[PDB]
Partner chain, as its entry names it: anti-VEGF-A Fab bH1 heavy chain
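Single chain ahead, written as structure tokens, the form deposited without its partner chain.
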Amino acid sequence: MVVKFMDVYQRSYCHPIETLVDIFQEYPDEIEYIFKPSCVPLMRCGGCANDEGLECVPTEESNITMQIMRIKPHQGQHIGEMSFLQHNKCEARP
């Protein structure tokens, strides 16, 4: 099995990739909460690090809602719907 060069090159091009994202990062006003799970997999644009000043940016986005366990210090476990941003399409840009 060898992946051909043109496929390799195309596969590495800026595209949405499954990415573990910390829930607190997406819900910065909920610093006091413990979340289970603490991170969720979201489709997020990714491309190769380069020295040409290019970044991989989303050109189409959508939301996904997930039931997350939300816990305060000595309060009981709640299960709540939380919405997260996903990337559906990407492009490389300065």
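Residue numbers count along the first chain shown, from 1.
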- Got a sec? Mean C-alpha B-factor, which is higher, 47 to 55 or 61 to 69? 47 to 55
- Query: Comparing 82 to 90 with 8 to 16, which has the greater mean CA B-factor as deposited?
  - Reply: 8 to 16
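Quick note: we don't show the form deposited with its partner chain bound, though the next part is all about it.
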- Which residues within 22 to 38 place at least one heavy atom within 4.5 Å of its partner chain in the deposited bound form? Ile34, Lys36
